[PDB]
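Each chain gets a letter, A, B and so on, in the order its sequence line appears, and its residues count up from 1. Computed from heavy atoms alone, side chains included, the values below leave out hydrogens, waters and symmetry copies.
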Amino acid sequence: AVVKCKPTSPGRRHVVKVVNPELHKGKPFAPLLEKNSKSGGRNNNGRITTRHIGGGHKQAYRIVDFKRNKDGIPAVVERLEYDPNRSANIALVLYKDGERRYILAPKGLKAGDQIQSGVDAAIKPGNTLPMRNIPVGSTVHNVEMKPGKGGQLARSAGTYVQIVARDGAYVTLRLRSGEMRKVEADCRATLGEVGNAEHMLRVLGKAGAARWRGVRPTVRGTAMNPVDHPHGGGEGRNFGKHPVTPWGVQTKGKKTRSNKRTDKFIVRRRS
Amino acid sequence: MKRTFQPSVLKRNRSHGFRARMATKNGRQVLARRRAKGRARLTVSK
Amino acid sequence: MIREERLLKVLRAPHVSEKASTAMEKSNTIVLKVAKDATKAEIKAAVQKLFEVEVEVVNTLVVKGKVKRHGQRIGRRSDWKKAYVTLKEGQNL
RNA sequence: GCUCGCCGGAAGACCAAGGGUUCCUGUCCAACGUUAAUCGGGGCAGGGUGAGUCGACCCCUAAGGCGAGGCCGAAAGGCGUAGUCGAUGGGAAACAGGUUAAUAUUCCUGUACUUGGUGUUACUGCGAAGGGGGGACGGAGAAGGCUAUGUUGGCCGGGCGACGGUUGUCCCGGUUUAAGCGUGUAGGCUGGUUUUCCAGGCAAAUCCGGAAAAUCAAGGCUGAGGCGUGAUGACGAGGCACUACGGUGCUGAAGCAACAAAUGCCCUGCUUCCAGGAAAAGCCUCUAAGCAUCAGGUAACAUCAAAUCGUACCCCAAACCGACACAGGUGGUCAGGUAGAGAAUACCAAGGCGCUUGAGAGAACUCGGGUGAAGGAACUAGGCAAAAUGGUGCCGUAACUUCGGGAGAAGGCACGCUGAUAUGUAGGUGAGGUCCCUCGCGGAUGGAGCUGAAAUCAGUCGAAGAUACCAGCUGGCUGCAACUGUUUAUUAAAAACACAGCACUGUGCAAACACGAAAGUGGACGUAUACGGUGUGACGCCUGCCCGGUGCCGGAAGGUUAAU
RNA sequence: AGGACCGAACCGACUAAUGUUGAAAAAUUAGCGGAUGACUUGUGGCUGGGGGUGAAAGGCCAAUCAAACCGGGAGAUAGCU
Ligand SMILES: [Mg+2]
Ligand SMILES: [Mg+2]
Ligand SMILES: [Mg+2]
Ligand SMILES: [Mg+2]
Ligand SMILES: [Mg+2]
Ligand SMILES: [Mg+2]
Ligand SMILES: [Mg+2]
Ligand SMILES: [Mg+2]
Ligand SMILES: [Mg+2]
Ligand SMILES: [Mg+2]
Ligand SMILES: [Mg+2]
Ligand SMILES: [Mg+2]
Ligand SMILES: [Mg+2]
Ligand SMILES: [Mg+2]
Ligand SMILES: [Mg+2]
Ligand SMILES: [Mg+2]
Ligand SMILES: [Mg+2]
Ligand SMILES: [Mg+2]
Ligand SMILES: [Mg+2]
Ligand SMILES: [Mg+2]
Ligand SMILES: [Mg+2]
Ligand SMILES: [Mg+2]
Ligand SMILES: [Mg+2]
Ligand SMILES: [Mg+2]
Ligand SMILES: [Mg+2]
Ligand SMILES: [Mg+2]
Ligand SMILES: [Mg+2]
Ligand SMILES: [Mg+2]
Ligand SMILES: [Mg+2]
Ligand SMILES: [Mg+2]
Ligand SMILES: [Mg+2]
Ligand SMILES: [Mg+2]
Ligand SMILES: [Mg+2]
Ligand SMILES: [Mg+2]
Ligand SMILES: [Mg+2]
Ligand SMILES: [Mg+2]
Ligand SMILES: [Mg+2]
Ligand SMILES: [Mg+2]
Ligand SMILES: [Mg+2]
Ligand SMILES: [Mg+2]
Ligand SMILES: [Mg+2]
Ligand SMILES: [Mg+2]
Ligand SMILES: [Mg+2]
Ligand SMILES: [Mg+2]
Ligand SMILES: [Mg+2]
Ligand SMILES: [Mg+2]
Ligand SMILES: [Mg+2]
Ligand SMILES: [Mg+2]
Ligand SMILES: [Mg+2]
Ligand SMILES: [Mg+2]
Ligand SMILES: [Mg+2]
Ligand SMILES: [Mg+2]
Ligand SMILES: [Mg+2]
Ligand SMILES: [Mg+2]
């Protein structure tokens, strides 16, 4: 539920919270937890390689099952959980054999719902099948790009993919980007949309709220000296250049895709 | 006012001690030079 | 079992002081200068063999040598080890 | 030595870091010490640091480091797997009293505890490089229950007062005791037990997870404190006796209760929120290969062991970082009284100090302060500086507003002490007694005693009762930036930067992009509700015209045009 | 509840005076801002010089910064003093 905060202080006036009362209030399932310590956007040379990453809250990594390989064995949804590592919620599912796993929580999935994977699975949300066994027209998510590799497409809160055509070895997918893309029909997909579609409606409301998420400030190129950025310099606010990245590449329309290897599988670019 | 030298023996030995010098070829050259000069103390270790 | 050769090296001297004297009279404890690498086991073994007494317990400490000047020239005395050796009641040394 | 003054959330006490003998004693006063120095952190000599339990080492891991093979790279090297290191974190166990010139949870006294080795005896499925449990975790808030601790009373010892009074509802002091062991309470969590079965936990598993029965519903885990014991002990005001007059030796009363009470403990709890909150070992448990009436396990008892290194001293500082015995800097712990909301502030206690030149004098001028006739911003670039306001309760409070605010708007009234209400109230606490009682650290009742606001009425002193210290000046118009933040360490704190929000744009995942001859790594264990870049900068109303130039995107008839 | 309010510790540095061969190569005194957070602090770690890091001041990178420091090329060169 999307709830506007009352303006009892300047930092609250514009806050809009997304409050889901279904989410488990307790601690997560400890056998499926790992540490993921933070990078500060620094690589193994110790250099910043992505700017604007630092701090924020500590977060345990939940091992989420993107492969959905455990075919034939039904699973019941025990609870939905908050996952700090991603926009989607996750669902703790219990298999009949007593194995527990986390899956991306589809829209509509609730505690008590059954799910199953494999060719024989029913066409209902949460069920994972090879896309050759999914009816053309189906909305799916957590789609594999290579058979066996695990879901890579449509994992973010509220996302999904339509299977729009099948032709031999390949299905064609409409991605959220709008790209039409071919993928092997043996690639698995989970039925339905990723849940937590309200995710996008949150309004952080204050500087600090972005800092909690580990986002450090962006200094505009034009606020700098020439030595620091192509945009830097000027007495007063000047500009008088084509906008570029800090490394001098044009940043307003110039295309940067360069992958001849995967061009064959793009039917139509997002445009 | 806080001045630049804030001593820590652990940091001293890690940054400049004998074993740090021995760990790299450039560090070993430091030791070679200081032996050639005939320093009484090769490193901060002693 | 420590060898008799080793035992013959570990005790270096009795240590003479007011504190050592009070230790002997008050608490039946002899204070020795011992070899710097001597353990409590060796000091006990050595005192029992060489002085023919019964030792209750050994306490030890390392005394750090004093820095000194001998005509504007810095030197340093050696670290040495001191053993407070408590004898059993009745034993005399 | 007696007075005086200063600090007392420190200028006291204990540490870590850092230093390294500065510690104690004797001796010396050249140099050092901003003066003298008989003194010293100075010279010289001697002494002094005692551990199974404190800490390190050690076992365990974090960030990160190194890294057999490996992958990559003109060489040097880079990265990284298995590993192996790496605390600032996890992991066994000791307390009180006494003692030295100088150490003490280390010595001594008393009383404990931990882990491990051997052996003996009894009983017995043991076994890991593997599985599972546990260890194991956030912010905020709220209360209960406690204790540390304090206050008063009682008790004991002492006192009867340099000047009016002081045998009392009077004065001073003391009234302390640990770990451990026993007990299991306020509180917190959780249904329990047995049976059968099973696509999971790489194999196996009796363990964990799952399923289905049956039966029982109180069983377990956890837990401050209290009580008991420890303790017929220790300590103890003081007295008495020596003094080598600094101090030693001897003996020893009371040793209770009530009330208040933490920021400490119960509490790694509970409630709640979103930003969703280490790891690994010790520990517990399960089996595998293996071992078989053996090894090994469990228990009891005995015995042995628990090494090594640190331990002095300073430590908000004359001992560390600042060239100095330097108005500087430096993390943790301890937290008495009166007043007070308080760790503010004032005065004090314990304790510690008077800051290593003094003595006079009482000019100008400078510094730091106090007061000021009449006037009251006339000063000045500018009310700069100063003066002023300043508490609590109650009343009262405009435009405007995003409905929160604005607001402590503005402004007004009260305020001490005494008595009464009421020999101390409302409230809090709660003894005895009485009854019940799964008979206890229980329940009910009961109110003694203790503590104790706030108000009203009456009176009363002063110029003045928020009396000191402490402690908002207020209002009106307007530019800029929405806001809290950030910044030129050392002349700029701002209107600059950032910011939530907005938009454009790139990016289909071996993503774009970035670091990098490369391997790789970050982006991300993310996947278009995502990520990067750019500009704008809350919110409200909005965001027009121009695609020639220069970019970017797309096209392809023709011109021109490289290597070859 | 809160980048909420008043206010110590703690973090800072707006104004003034002093000081300027200082007590101090940036402080003191009186006032001042933040004070549950985009907070602050201890210990350890990582980023390296056309490089880092930068809520961006050309700021900071050991009292040094429009290219650190140390050594070397090196007795650079100096139509200048
Ligand atoms: Mg960014
Ligand atoms: Mg932005
Ligand atoms: Mg600028
Ligand atoms: Mg440029
Ligand atoms: Mg201009
Ligand atoms: Mg122009
Ligand atoms: Mg002993
Ligand atoms: Mg020792
Ligand atoms: Mg005083
Ligand atoms: Mg000396
Ligand atoms: Mg001394
Ligand atoms: Mg003289
Ligand atoms: Mg002199
Ligand atoms: Mg001396
Ligand atoms: Mg190699
Ligand atoms: Mg490596
Ligand atoms: Mg490692
Ligand atoms: Mg290790
Ligand atoms: Mg540690
Ligand atoms: Mg001492
Ligand atoms: Mg008490
Ligand atoms: Mg507090
Ligand atoms: Mg000490
Ligand atoms: Mg002085
Ligand atoms: Mg000083
Ligand atoms: Mg401090
Ligand atoms: Mg004070
Ligand atoms: Mg005068
Ligand atoms: Mg004057
Ligand atoms: Mg005045
Ligand atoms: Mg006047
Ligand atoms: Mg007047
Ligand atoms: Mg007037
Ligand atoms: Mg005027
Ligand atoms: Mg004038
Ligand atoms: Mg002023
Ligand atoms: Mg004033
Ligand atoms: Mg009254
Ligand atoms: Mg104007
Ligand atoms: Mg502003
Ligand atoms: Mg400045
Ligand atoms: Mg300034
Ligand atoms: Mg990738
Ligand atoms: Mg702007
Ligand atoms: Mg605030
Ligand atoms: Mg600053
Ligand atoms: Mg100040
Ligand atoms: Mg404020
Ligand atoms: Mg404040
Ligand atoms: Mg500039
Ligand atoms: Mg500098
Ligand atoms: Mg240059
Ligand atoms: Mg040359
Ligand atoms: Mg020259």
Visitor: Does any donor-acceptor pair link the side chain of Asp228(A) with the base of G54(E) at a separation under 3.5 Å?
Guide: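 When only heavy-atom distances are counted, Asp228(A) does reach the base of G54(E) through a donor-acceptor pair under 3.5 Å.
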
Visitor: It should be established whether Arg86(A) places a side-chain nitrogen or oxygen under 4.0 Å from OP1 or OP2 of nucleotide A530(D).
Guide: no

Visitor: Is there, by distance only and without an angle test, a donor paired with an acceptor across the side chain of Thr245(A) and the base of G533(D) below 3.5 Å?
Guide: no

Visitor: Can you tell me which residue among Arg268(A), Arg257(A), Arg269(A) is in a salt bridge (charged side-chain N to carboxylate O under 4.0 Å, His left out) with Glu179(A)?
Guide: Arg269(A)

Visitor: What about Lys241(A): does its side chain form a donor-acceptor pair under 3.5 Å with the base of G551(D)?
Guide: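 No, the side chain and the base share no sub-3.5 Å donor-acceptor pair.
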
Visitor: Could you say whether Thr4(B) or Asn45(A) is positioned toward the 5' end of RNA chain E, judged by the nucleotide with the nearest heavy atom to each?
Guide: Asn45(A)

Visitor: For the base of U521(D), is there a side-chain donor-acceptor partner from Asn44(A) under 3.5 Å away?
Guide: no

Visitor: Are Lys110(A) and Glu22(A) within salt-bridge range, i.e. N to O under 4.0 Å?
Guide: no

Visitor: Which is more 5' along RNA chain D, the nucleotide nearest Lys36(C) or the one nearest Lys149(A)? Just name the residue.
Guide: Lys36(C)

Visitor: Check this for me: does the side-chain of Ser177(A) come within 3.5 Å of the base of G508(D) through a donor and an acceptor?
Guide: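 Yes, the side chain and the base share a sub-3.5 Å donor-acceptor pair.
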
Visitor: Report yes or no: is there a donor-acceptor pair, N or O only, under 3.5 Å between the side chain of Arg13(A) and the base of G404(D)?
Guide: yes

Visitor: Quick one: pick major or minor for the groove that the side chain of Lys252(A) comes within less than 5.0 angstrom of.
Guide: minor

Visitor: Want to settle it: does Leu201(A) or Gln6(B) sit nearer the 5' end of RNA chain D, counting the closest nucleotide to each?
Guide: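 Nearer the 5' end of the strand: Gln6(B).
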
Visitor: Answer with yes or no whether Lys66(C) presents, from its side chain, a donor or acceptor under 3.5 Å of a partner atom in the base of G48(D).
Guide: no

Visitor: Select from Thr218(A) and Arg14(B) the residue whose nearest nucleotide in RNA chain E is closer to the 5' end of that strand.
Guide: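 With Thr218(A) and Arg14(B) compared, the 5'-side residue is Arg14(B).
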
Visitor: Please determine whether a side-chain nitrogen or oxygen atom of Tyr84(C) lies at a distance below 4.0 Å from atom OP1 or OP2 of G50(D).
Guide: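 Negative; the distance criterion is not met.
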
Visitor: Should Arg270(A) be listed as having a side-chain N or O under 4.0 Å from OP1 or OP2 of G506(D)?
Guide: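 So the side chain of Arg270(A) is within the cut-off, an N or O lying under 4.0 Å from OP1 or OP2 of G506(D).
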
Visitor: Taking donor-acceptor contacts at under 3.5 Å, does the side chain of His14(A) reach the base of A538(D)?
Guide: yes

Visitor: Is the distance from OP1 or OP2 of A528(D) to the nearest side-chain N or O of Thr159(A) less than 4.0 Å?
Guide: yes

Visitor: Looking at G522(D), does its base get a donor-acceptor pair with the side chain of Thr49(A) below 3.5 Å?
Guide: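 Indeed there is one.
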
